[PDB]
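> Here's my sequence, what's the structure:
(3 chains)
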Amino acid sequence: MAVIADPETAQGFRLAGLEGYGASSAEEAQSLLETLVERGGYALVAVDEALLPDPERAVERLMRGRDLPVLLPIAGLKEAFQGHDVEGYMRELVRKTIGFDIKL
Amino acid sequence: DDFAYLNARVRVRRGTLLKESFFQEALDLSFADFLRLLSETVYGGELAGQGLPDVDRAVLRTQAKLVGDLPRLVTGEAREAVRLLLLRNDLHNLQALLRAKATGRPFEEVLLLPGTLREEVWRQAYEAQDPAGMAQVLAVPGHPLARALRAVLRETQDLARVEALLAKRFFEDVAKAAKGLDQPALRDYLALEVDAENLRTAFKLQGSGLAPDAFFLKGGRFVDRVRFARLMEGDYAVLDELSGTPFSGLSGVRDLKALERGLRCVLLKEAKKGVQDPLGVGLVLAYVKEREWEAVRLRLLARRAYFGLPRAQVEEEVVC
Amino acid sequence: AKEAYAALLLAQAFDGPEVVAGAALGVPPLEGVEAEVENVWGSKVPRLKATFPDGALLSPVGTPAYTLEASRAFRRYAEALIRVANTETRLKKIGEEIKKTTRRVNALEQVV
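Numbering: from 1, shown residues only, chains lettered A, B, ... in the order given. Below is the structure in question.
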């Protein structure tokens, strides 16, 4: 596994026996995501939310087959006071995923 | 040699510490006021820029400049009695180098915060055909590691069971070295500390059920083998049994966090008693442990100030 | 996430950041996490799980008393990540299958 979340958060990831990085800079982290797709760290990547709103960009540019880096829009510890709209993230999942803007 | 010479310098340095109104007014700010309030005090002598590695490097450098001096400046019985306070750092560096030699990751891998030994010994002590040679080049004369690593080196060259018996041998050797000379305020302190150490070891090894008496040591007084076993198995009236001891408000505590909070508070309370002996070793003890309490509380307040955490997350951690 | 972040911040606040970094650099990367077939609608999607050995913890009597709690916290954090991972890749596959069927219905009607 691998993340590119924050330069402070990845220490606990390495403490869990798990590769993690940190840049906190969006274009530089997109470059790191490019070279991390290329050195594929066990097919699972978590990318920070307010570093890349969408993690899909590097894989949809390079690797249009097989979806090997499973990309997760992970959060960070700065917004661990509020969570920043879990269910709003699910509403944008539904709208991005089937095209239809519905609520309940 | 002379305790009063070191004690004068330690009392001067104890004259300059941070008060309670500092963090009580630094309990609610936004990290720029933190940089502001740390621009004035003696920790600001090494603050280079701004940000978290700057603050951490400043705290470690000021602690090495202001605390790591007193293992020097005396010679003989005084340094043999004062070196057994700030010696956890040497164990951490030595076990990091031990696991780095047993792993294969390069010698420039670890960061190696300063303890009591100069780092040229560390640079020289990685290449050795015999790990007894590593302990020999590590050996400054009356050192506890210099006579503990060669003590439990008598099985193999480089294993992890060696490291576990190294930790146990270190604890019992520091307790025996406290018993082996005359300081009436440090022997009881190290006995209470190693009692705290194997008590919280028993708390953080609950639920497993492996052989406890191989992990239990000797050198404490408040606990024994049967309380250790009945604390490793789950009933906590034995933890409620400890009354009269300075484990006073610590009763009915289950989780690791509140446990370690209570143990750190009782260690700082019983280690602040060292003004009882204003000539011997008690005052430098009450300086060093108060200094590390102030340093780690400064670090936690730095983390809260930067990341904007609620003060209700920190309020329980400035209680003592 | 909130609980593991609280545990990590209190961990490397009371204990030194250098020694918890050394404990992080002593732990192996725990290799062997992998992904296998879910052949839903004739389409393999990878479900993921890890190995995570629990008996061989490096010094369970750890001279840092907070790296064990942070280790369990980030272990539960990585379990939450892999569960959300193999939930949402299934969700995205079902969603693109719905839009593929919908454009095939509308194309077949409006063309042939």
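
> Please name the nearest non-neighbouring residue to the closest residue to chain C within chain B.
When CB to the nearest CB is the measure, chain B has its nearest residue to chain C at residue B:300, with 3.7 Å between them. Quick note: C-beta positions are derived from backbone N, CA and C, even for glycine. The shortest distance from residue B:300 to any residue that is not its chain neighbour, by CB to CB, 6 or more residues apart in numbering or on different chains, is 3.7 Å, and that residue is residue C:13.

> and that neighbour, what helix or strand is that in?
With elements taken from DSSP states H and E, the one containing residue C:13 is helix C:2-14.

> who does the helix or strand following that helix touch, helix- and strand-wise?
Heading C-terminal from helix C:2-14, the first helix or strand you meet, by DSSP H and E, is helix C:17-26. In terms of contacts (3 or more CB pairs under 8 Å, 6 or more residues apart in numbering or on different chains; DSSP states H and E), helix C:17-26 is packed against helix A:10-15, helix B:88-103, helix C:67-111.

> so how many other residues sit close to the closest residue to residue C:8 other than its chain neighbours?
When the adjacent residues along the chain are set aside, residue C:8 lies closest to residue A:12, with 4.4 Å between them (CB to CB, 6+ apart). Applying other CB atoms under 10 Å in any protein chain shown, we find 26 residues neighbouring residue A:12.

> One more: the one 10 residues further on?
Other residues lying near residue A:22 total 19 when counted by other CB under 10 Å.

> From residue B:85, how far off is the closest residue to chain A within the stretch 1-150 of chain B?
Closest approach between the stretch 1-150 of chain B and chain A, counting by CB to the nearest CB: residue B:52, at 7.1 Å. Shown here: residue B:52 relative to residue B:85, a distance of 28 Å by CB to CB, to the nearest Å.

> Following element in sequence after the helix or strand residue B:175 falls within, please.
Using DSSP H and E, residue B:175 maps to helix B:161-179. Secondary structure here is assigned by DSSP H and E; on that basis, the next helix or strand after helix B:161-179 toward the C-terminus is helix B:187-204.

> coming back round to it: who has more neighbours out of residue B:52 and residue B:85?
More neighbours surround residue B:85 than the other of residue B:52 and residue B:85, with 23 against 16 (other CB under 10 Å).

> In contact with residue 49, which residues?
In the absence of a named chain, this looks at chain A. Residue A:49 makes contact with A:73, A:74, A:75, A:76, A:79, A:84 under the criterion CB atoms under 8 Å, 6 or more residues apart in numbering or on different chains.

> The chain in question should be chain C.
Taking CB under 8 Å, 6+ apart as the test, what residue C:49 contacts is C:33, C:34, C:35, C:82, C:86.

> so what's the backbone phi/psi at it?
Per-residue torsions, residue C:49: phi -150, psi 160 (degrees, to the nearest 10).

> Any idea how many residues pack against the residue of chain B found nearest chain A?
At 6.1 Å from chain A, residue B:307 is the closest residue in chain B, using CB to the nearest CB. Residue neighbour count, defined by other CB under 10 Å, stands at 17 for residue B:307.

> Would you agree it is in contact with residue A:79?
No: here residue B:307 lies out of contact with residue A:79, judged by CB atoms under 8 Å, at a distance of 10.0 Å.

> how about the residues of the stretch 1-150 of chain B near chain A?
When proximity is defined as CB under 8 Å from any CB of the partner chain, the stretch 1-150 of chain B approaches chain A at residue B:52.

> ranges for the helices of chain A?
Under the criterion DSSP state H, chain A carries helices at the ranges A:10-15, A:26-38, A:56-61, A:86-98.

> Highest mean neighbour count out of the ones you listed?
Scoring those by mean neighbour count under mean count of other CB atoms under 10 Å in any protein chain shown gives helix A:10-15 as the most buried, with a mean of 23.

> which residues touch that helix?
Contacts of helix A:10-15 (CB under 8 Å, 6+ apart): A:3, A:5, A:19-22, C:4, C:8, C:11-12, C:17, C:20-21, C:23-25, C:27, C:67, C:70-71, C:73-74, C:78.

> change it to 6 Å
Counting contacts by CB atoms under 6 Å, 6 or more residues apart in numbering or on different chains, the residues outside helix A:10-15 that touch it are A:20, A:21, A:22, C:8, C:21, C:24, C:70, C:74.
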